[PDB]
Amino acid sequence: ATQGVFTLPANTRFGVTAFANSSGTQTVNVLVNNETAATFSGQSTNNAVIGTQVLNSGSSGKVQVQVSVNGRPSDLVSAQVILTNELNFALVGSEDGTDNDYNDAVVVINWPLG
């Protein structure tokens, strides 16, 4: 099944934040309406916050997260969760290797902001 694609409410500011847990340097691309809007990268085995940004979901509300290590796409897993019918998280894990820890890059999307 497709993973790492989320329909947000249109024209909405959201936070996107990436964490690294791997020997390899991660690259996280964040697309809004099918165009790259942010790119984060770093290397940490201790959950470094390699990037954080505020983006706008735009007219489509379509947000996609892609993860790669030195040109190789990682395997994604994802889901969305809503607390008290108000607070939204879109969650991505990724695996670059064989251990299936799926934390090699972790991406959290949150809205609303403000």
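Position 1 is the first residue in the sequence shown; the rest follow in order.
Looking at 40-48 and 27-35 together, the entry lists the larger mean B-factor for 27-35, computed on C-alpha atoms. If you compare the C-alpha temperature factors of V107, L8, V5, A1 in the entry, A1 comes out highest. Annotation for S22: CA B-factor lies in the middle third of the chain's modelled residues. Ranked by Cα temperature factor within the chain, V67 sits in the highest third according to the deposited record. In the PDB entry, a CA B factor belonging to the middle third of its chain's modelled residues is recorded for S74.
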